[PDB]
Amino acid sequence: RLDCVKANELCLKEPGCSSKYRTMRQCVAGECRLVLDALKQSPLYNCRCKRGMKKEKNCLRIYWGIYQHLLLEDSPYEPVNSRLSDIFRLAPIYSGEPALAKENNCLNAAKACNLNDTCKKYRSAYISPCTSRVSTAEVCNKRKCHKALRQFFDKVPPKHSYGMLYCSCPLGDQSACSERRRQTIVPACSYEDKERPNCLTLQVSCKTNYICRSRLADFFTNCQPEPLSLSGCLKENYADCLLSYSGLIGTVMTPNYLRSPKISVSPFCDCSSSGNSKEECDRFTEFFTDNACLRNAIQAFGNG
Amino acid sequence: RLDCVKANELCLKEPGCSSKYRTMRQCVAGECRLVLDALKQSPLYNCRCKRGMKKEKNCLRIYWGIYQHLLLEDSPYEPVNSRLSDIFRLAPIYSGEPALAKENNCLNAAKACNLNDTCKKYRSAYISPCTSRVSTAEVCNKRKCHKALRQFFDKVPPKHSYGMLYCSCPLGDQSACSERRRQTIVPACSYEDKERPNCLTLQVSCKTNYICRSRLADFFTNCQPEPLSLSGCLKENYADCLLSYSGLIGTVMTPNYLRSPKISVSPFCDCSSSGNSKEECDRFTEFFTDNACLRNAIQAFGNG
Amino acid sequence: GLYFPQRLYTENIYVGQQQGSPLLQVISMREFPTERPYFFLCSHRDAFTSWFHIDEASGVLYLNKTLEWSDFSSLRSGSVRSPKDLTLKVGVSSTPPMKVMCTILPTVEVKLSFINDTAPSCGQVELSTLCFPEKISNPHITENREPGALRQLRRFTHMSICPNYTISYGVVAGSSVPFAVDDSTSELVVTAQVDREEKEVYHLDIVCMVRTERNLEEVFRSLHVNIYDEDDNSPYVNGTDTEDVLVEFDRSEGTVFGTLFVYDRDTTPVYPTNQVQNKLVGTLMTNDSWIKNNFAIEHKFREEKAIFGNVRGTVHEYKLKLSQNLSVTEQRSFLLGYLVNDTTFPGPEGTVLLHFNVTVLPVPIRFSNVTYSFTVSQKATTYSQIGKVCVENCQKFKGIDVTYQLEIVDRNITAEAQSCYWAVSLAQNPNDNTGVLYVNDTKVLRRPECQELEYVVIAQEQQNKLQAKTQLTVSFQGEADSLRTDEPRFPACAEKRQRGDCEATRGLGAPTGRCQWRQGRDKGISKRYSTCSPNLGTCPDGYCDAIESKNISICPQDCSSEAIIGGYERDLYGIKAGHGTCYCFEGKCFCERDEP
Amino acid sequence: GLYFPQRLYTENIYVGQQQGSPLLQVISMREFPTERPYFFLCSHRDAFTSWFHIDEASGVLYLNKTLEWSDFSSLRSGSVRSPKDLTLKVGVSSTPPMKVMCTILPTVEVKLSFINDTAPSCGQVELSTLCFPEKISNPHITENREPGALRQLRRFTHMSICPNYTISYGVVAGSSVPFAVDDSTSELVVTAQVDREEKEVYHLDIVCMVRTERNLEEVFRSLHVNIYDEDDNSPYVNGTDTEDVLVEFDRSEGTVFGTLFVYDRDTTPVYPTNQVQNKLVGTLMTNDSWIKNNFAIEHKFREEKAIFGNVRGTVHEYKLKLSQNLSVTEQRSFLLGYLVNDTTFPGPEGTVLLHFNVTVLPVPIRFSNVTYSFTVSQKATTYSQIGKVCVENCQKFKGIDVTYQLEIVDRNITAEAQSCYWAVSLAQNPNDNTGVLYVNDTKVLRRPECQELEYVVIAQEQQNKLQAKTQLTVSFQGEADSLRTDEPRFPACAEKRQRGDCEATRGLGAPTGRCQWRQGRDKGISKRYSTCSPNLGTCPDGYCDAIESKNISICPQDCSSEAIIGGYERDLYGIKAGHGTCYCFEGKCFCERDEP
Amino acid sequence: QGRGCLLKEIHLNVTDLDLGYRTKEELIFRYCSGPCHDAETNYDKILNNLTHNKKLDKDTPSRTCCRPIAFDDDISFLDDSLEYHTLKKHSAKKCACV
Amino acid sequence: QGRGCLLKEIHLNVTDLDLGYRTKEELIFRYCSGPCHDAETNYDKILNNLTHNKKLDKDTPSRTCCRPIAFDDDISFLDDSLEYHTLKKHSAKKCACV
Ligand SMILES: *[C@@H]1O[C@H](CO)[C@@H](O)[C@H](O)[C@H]1NC(C)=O
Ligand SMILES: *[C@@H]1O[C@H](CO)[C@@H](O)[C@H](O)[C@H]1NC(C)=O
Ligand SMILES: *[C@@H]1O[C@H](CO)[C@@H](O)[C@H](O)[C@H]1NC(C)=O
Ligand SMILES: [Ca+2]
Ligand SMILES: [Ca+2]
Ligand SMILES: [Ca+2]
Ligand SMILES: [Ca+2]
Ligand SMILES: [Ca+2]
Ligand SMILES: [Ca+2]
Ligand SMILES: [Ca+2]
Ligand SMILES: [Ca+2]
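Chains E, B, D, A, F and C, in that order, give the protein sequences.
Take the first sequence: its letters are residues 29 to 58, 74 to 113, 118 to 351, numbered as in the entry's author numbering.
Take the second sequence: its letters are residues 29 to 58, 74 to 113, 118 to 351, numbered as in the entry's author numbering.
If you want the entry's author numbering, it's the 1-based position in the third sequence plus 21.
If you want the entry's author numbering, it's the 1-based position in the fourth sequence plus 21.
If you want the entry's author numbering, it's the 1-based position in the fifth sequence plus 137.
If you want the entry's author numbering, it's the 1-based position in the sixth sequence plus 137.
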């Protein structure tokens, strides 16, 4: 679908459109109801942008200003046409590599990425800075690390990226594979920290930066669980969640694979000192830790 | 001594000086005698420029305009202070090279020039163009050749230049030396031509170009012969003529060493079709061909 | 005012229903009986709300219109695919409320799903879905408060399809837990008050009592309720309320000595941050400007669970710290008393008392009764090292910056003899707070007059300008072994990259005049890699010295910064491990392995 | 009017002289006696001239003032060092002249040297300097003119300082030469008229007759006088005054056929160029526009000395030439008469008569009764060469530009059979005025339908658009020797730089399909240097042909232009000699010598 | 500029590099190796000639060398002990005859 | 950039060049010589290592060569037959590791 800033430029020309846009930016600041009607009809009211381009901060700011004033419930970040990309991006498994059924899949994904000339570049790019010592107190500069990690998971083809992060391999811990599956995002820098803050506080922290906000709005909307279907999800798309979860990496919510027998995931946080509101934290974490849609989705890629 | 153009700039400021200069340029164009007095006192009236600088065409034009309107008899090109340079430039023989008394001196001068990094450069510079074939009709472009030859004999130190052109060696013809002594200025291009014109006609030809005119005014004035002195010259300076003759090379008067038992020299010309005026041509050529001052001068450098 | 045990009231609706039919009733809890409630809706904006009707007092939900297929289309919510989702709002005050009355009060959401079907066959249902929903919410309760009726457990979808029989419920598998069940209105009720400090969680197991002809049907579901803490516990202490503090050699700012704790049986939420519960404010009651302006307090609180009968409890902490960097000529002794008050406790006593035992002492900046008399074994090289010099108790200084100088004793003599004081210099290191001594010139030692020297070392503390000095003598007894030809030009040692050369060089940092040699053997990248260093003591050490920073040809290993080539590990500066016989040039380094 | 035999009147002057004393007399020559002269000075500007005095009639030089040391200083001329040089001017008319009268007439210079000394001791002089100067000038005389007195030979410096004896002169060692000597005024005089056409130079030998007590002193000096020619000789001819001219195959402009000469016994000065003496002007008396607009005359004159009794004589020349480039269909025959007139001869007859025998003929642009039937020996390569084609008398054309074309005889057939006319092409060569035939494609020859072809060659002269054609047939009988795999891609041969490869290549310009091989043996840089060429006939010939310019990989040797490396000679284009087994790449060449 | 001095590639294990790393990761290594005779000058011919003469005893100056005038992008990898290492200027991107 | 590769010079007859000229003129020839090891990268070390292993059968890519990047001025001379010849790009002016 169409972007927002293009619609912004469009509406800034029509006398009525921009005139009532100003009338409105004045109305919401403190007849006005009759002006609501005109805004809805404009393409701007239904404008949604996506990935792959290089002008998003402005689109996201526009839409947040429009709708925050009048986050997980109604998400802009993804139109309803992404299923067309979803099914095609469910094919990569066949497109990945002929060799299979080895003792480890993470290593095979790494081998495949160190043979292509885009994944290789961007991988070393968001690696080296995360391993750069710049003082005896610090161990690395996270800003650079997170930003590089982000612009890698934005561009590099899914066939080579998702594999390293979602590679499946035999159960347990201390199996060479799980080590690499955990150490893909170099947690010592991009994951760890000296103190564990409550998740809700980190939830508010994310809610300000203009990127994490959207990468999080995608999560609940896609991976929402439902047991009635055989799939276990709501919108019957295994790769939509597969994208939404990977869209968080780098942001303030940098999860990794915990040390649990099953496939659980938690951001760097814990429901400590939450007092009465252990229910809200528990729901957040449970939706994020133990769910059917996400386990099924991550398992689907495993059967290749 | 001082240049002319500097004196020109000087006189162009004083109201009286420039005012009477204009009054004069008007008077000579067709009281005025009283204006002659003021001009004489100015440094311009006695202004003379020399070599080594890069602004001469204007000086020469200035002085020619001043005195031609009001060429060999009274020469500007050289002040009367050059004897100080003359005696010092008579020393080069001792400064040239330790080795001596070989079967050939021209070859030794060439060896010495192909070891210094200025004579070598400029020599190849006025060589290659003179050997450049640019059409099946022509054999070389003389304009470039003469100009390069000129700017070589202007700059490169006398110690290395004069030697190749004035090298002495045992008498006769077809002695390897004489071949090189003759072929120093590549006569096939800078010397020869299809037809031999009368010298007087070539004398008028030189008399127009602003350079050959002065390089010729130097010749008669310096090398004028007189038998009363042991030296054989007039102004008792062996290197003054040595310079004046070498100052002609490149110009319309490009002499070389003829095929004569003694040391004779003639420009590319002959006293043919001169009719009644065989006397003027004969005097010209004799002064240029068989003289004492020039033979003594060229022999002096030989005894090194 | 009246808080809501739940925020979710969910039910399903279908086509073919009539007006004046009950749909749901919501209940509110009051602490005291004089508050009588009156229910009502809100969100009057939309039009579909005109159909629903409510009773101002009883609190049940009715309808004012029937259902028709046309009504299904007019209701639009996002996607057009069934099921459709709607949302409503409700408030309850004690008096007749206006339109404006509920946008101010806290409300609850009602999420009802709409399907365009009629009532189903009632014999096709499954046992698991008969009496309980798919997913459930866990309500909450508050400690030390009046009891009441909690939740409703009749599902109005299932009751209308098979209105034949009657159903009841019961609490099952309970070891005398304070809960009950009604039969008149089959509501889950709490027996009486509770104390969170006794029990924190309540695992439950509830059943559906159905009457069926085939056999009595019992189905078991599970849930657990949560407890809400109110600040009914004041703090206490374990041990004493005093601590010993000492200030002798650490006077830098931001240093900490003391450790004191406190305990509150309550819980301290971290979020939201605009709260006040069980957050301790500490006040000082000292007026001394010197102490107050110089000393600092620290606050840091976590929560524990293993010392309150496996119950979640709070633990504050307090420790001492300095504010600014202190002088060396002060001495004081006093007691600091720092108070704490749990402002959220409405009781007579909500405080405790601490006490600090502070002992501030001065330090003497003086040398020992002994002197410093170094010496040089043999004929040396530039930028060497002979001896360190430090005042007494030099290792333990912190916050103390000291400058070291030296001077000649024989002030003025012939210039020829004056030259002999050009064979010595000094350096300064703020890390260890000492002074390093290194030669500077070698063309001076060739005279026999230089063989003995005498200096007066000077130590000047920066802040106080104190002074202290002693006598130093330096004697060289290394005769020249036929090496006069060499002028003051000595090659480096970091680039020999081999044993044989490095042993026979004479270069920078060579006391003996020969640079040292290392031989690290291992299979791969090891912290011991063979190199050539002037002095092994501090060349591959770690943090480069004050000397190391003079020339770049003196142990680049620890202080180099430029790109390195080969197999290596490296921290911020200098190589920690390089695969083999590593080496370097003037700034550029290449750790490799020599196959030969 | 009255010409001056000399331009130099020189004498020396000294201090201590008196006014009213003769110093020198100058003489003028008149052709007829009615012109009587009157002498006078000029250059009245300066002040020193006020002292000298002259006699209006006699012509001698006197003085009006004495000499004083102060006068020496006032006279300044350039440098301050003795001797000082001055210069004066003089004219002579037949009537009293004004100030303005002499700036118009031709004058002479008087150069006198000034020395600040008195009269010398006259017994210290040398014999050589007694009667004659150091250097002398040679005067001149005009042929066929009245005689007179020529020069003075008394030196007033040596005649006024020691006047105790008398001196005379004489002409010595003369084989009856027409000169004499007077005794009254001891002037050299000419006996009578002369003809330059008889004698050109007069070597002389003159003596001083002095009377001395010791013995009669005779001193011998030498000189020679010159003769001035006046145009008293009309021209003549040797042989005939006619020439044969022919115009058949050379019709380009600027070409010359005829040769005619003339002779004038006079001399023709080349300088100054604004003269008219013995310069012949030629006029035509033909009015035909075609001939006059089409034909050109040439003039060129030198001078000879070996056919007039060893006397310097003039020789004009005249030859025929064309103006513009002529047609091929014209025919004319006529006689051109070109006249000459020696305008400087004041005689009744000053001309001659020439005659040209011009025969302009046309040319037939047609082929021979025979046809052109080439053939190809074997299976060939692109840019080869089979046969040339030219009209009759093709070598001798000049000024004739011709274009060659060819066409098929079978106009329209199946396309498959149409392809077989893609295995041939054509080229054009304005140098030889012919047409070269070269193959273009090789994928066509495989088919048996191409084995025979037929073309109609077309020849079109540019200016006249004439046409001529014949029938051409081309047959290939070279079967494919197992080389179908090779597609249309063939490597060059100029870069094999070796015998072995060059013989087994298949590349551009290979009729047989193998490029040719050369082996030049010599000691140094020779015109025969070993290479590899497609066709030796025209690859190293020197310059390139139309084909050589199509591709750069086809014999760069004669058509390359870029820098070359090694031992070599080269003209404008292409290498003439390179030291050894030279070679080339695509534009860049390296002549070297292979030691192996 | 010579066209025979081209770019080739070979698939290797990181361990074949013998730099000491312990990893199972792999890579594409790129390199240049061909003739550059068509770019030589008089200088090189003189050198060749004096080498063949043996008239310079030991001095052996270099004729034209096909070397890489730019390097590929950085690479990263994880070793067997789960420590990362990075290699810079390891592979050619586009060579010439210099 | 290496300082061990330096400009040296040797006095020769033109005839020692073996280019075929016949002349008694002489010249100063200049040339580059010396090691360039201090300028090497990971690329060269890998090359060295695979050469020593013999794992590349015949391919032998070059390590850093010390070569001229600029040449001296033109020279001219006369041969024994009194014909002139000119040589270009015959001598080094400044050297560098490349
Ligand atoms: C600290 O004091 C408390 C007082 O309630 C006690 O329960 C606890 O066991 C003490 N800690 C010890 C003994 O380690
Ligand atoms: C040409 O004719 C002239 C006529 O005077 C004659 O003197 C001369 O000898 C002739 N040339 C010859 C015969 O070669
Ligand atoms: C033309 O004819 C006239 C006589 O009719 C003749 O005098 C003249 O010389 C001829 N040629 C020219 C160019 O006038
Ligand atoms: Ca309680
Ligand atoms: Ca409590
Ligand atoms: Ca409390
Ligand atoms: Ca150190
Ligand atoms: Ca005559
Ligand atoms: Ca005559
Ligand atoms: Ca005549
Ligand atoms: Ca040719």
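A virtual CB, placed ideally from N, CA and C, is assigned to each residue, including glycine.
Asked: Compute the distance between the beta-carbons of residue 12 of chain A and A:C580, then report whether it is under 7 Å.; Found: Not covered by the structure: residue 12 of chain A. The range shown for chain A is 22 to 617.
Asked: Give the interface partners of A:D216 over in chain B, defined as CB-CB distance under 9 Å, in chain order.; Found: Within 9 Å Cβ-Cβ: nothing; A:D216 doesn't reach chain B, min ~15 Å.
Asked: So, is the C-beta of B:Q221 closer than 7 Å to a C-beta in chain C?; Found: no
Asked: Between which two residues does the alpha helix (DSSP H) carrying residue 62 of chain E extend?; Found: No atoms are given for residue 62 of chain E, which sits in the stretch of chain E between 58 and 74 that the model skips.
Asked: Given a limit of 7 Å on CB to CB distance, which residues of the region 147-167 of chain F reach chain D?; Found: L156 and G157
Asked: Is any beta-carbon of chain D found at less than 7 Å from that of C:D181?; Found: no
Asked: To the nearest angstrom, how far is it from the Cα of C:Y221 to the Cα of B:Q198?; Found: 20 Å
Asked: Return yes when at least one heavy atom of ligand 4 lies under 6 Å from the C-beta of D:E167, else no.; Found: no
Asked: How big is the Cα-Cα spacing for A:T128 and A:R28?; Found: 9 Å
Asked: Along the chain, where does the beta strand (DSSP E) that runs through D:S134 open and close?; Found: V129 to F135
Asked: Taking the beta strand (DSSP E) that A:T178 falls in, what are its first and last residues?; Found: That residue, A:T178, is in no beta strand (DSSP E); its alpha helix (DSSP H) goes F177 to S181.
Asked: Please classify D:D522: does DSSP put it in a helix, a strand, or coil?; Found: helix
Asked: Look at the alpha carbon of B:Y213 and the alpha carbon of B:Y304, and state the distance between them as a whole number of angstroms.; Found: 10 Å
Asked: Using a 10 Å radius around the Cβ and a threshold of 16 neighbouring Cβ atoms, would you call D:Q145 buried or exposed?; Found: exposed
Asked: Alpha carbons only, please: which of B:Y124, B:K206, B:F135 and B:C236 is nearest the one belonging to B:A159?; Found: B:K206
Asked: Report the rounded CA-to-CA distance for A:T435 versus A:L466, giving the unit in angstroms.; Found: 17 Å
Asked: Do A:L341 and A:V266 count as a contact pair if the criterion is CB distance below 7 Å?; Found: yes
Asked: Where does A:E437 sit, in a helix, a strand or coil, going by DSSP?; Found: helix
Asked: Quick one: grab the DSSP three-state call for E:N303.; Found: strand
Asked: Report the residues of the region 155-178 of chain E with a CB closer than 7 Å to any CB of chain F, ordered along the chain.; Found: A157, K158, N161, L162, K167, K168, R170, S171, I174, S175 and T178
Asked: According to DSSP, simplified to helix, strand and coil, what is D:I479?; Found: strand
Asked: Let me know the alpha helix (DSSP H) ranges lying completely inside the region 491-540 of chain D, each 4 residues or longer, listed in chain order.; Found: 520-524
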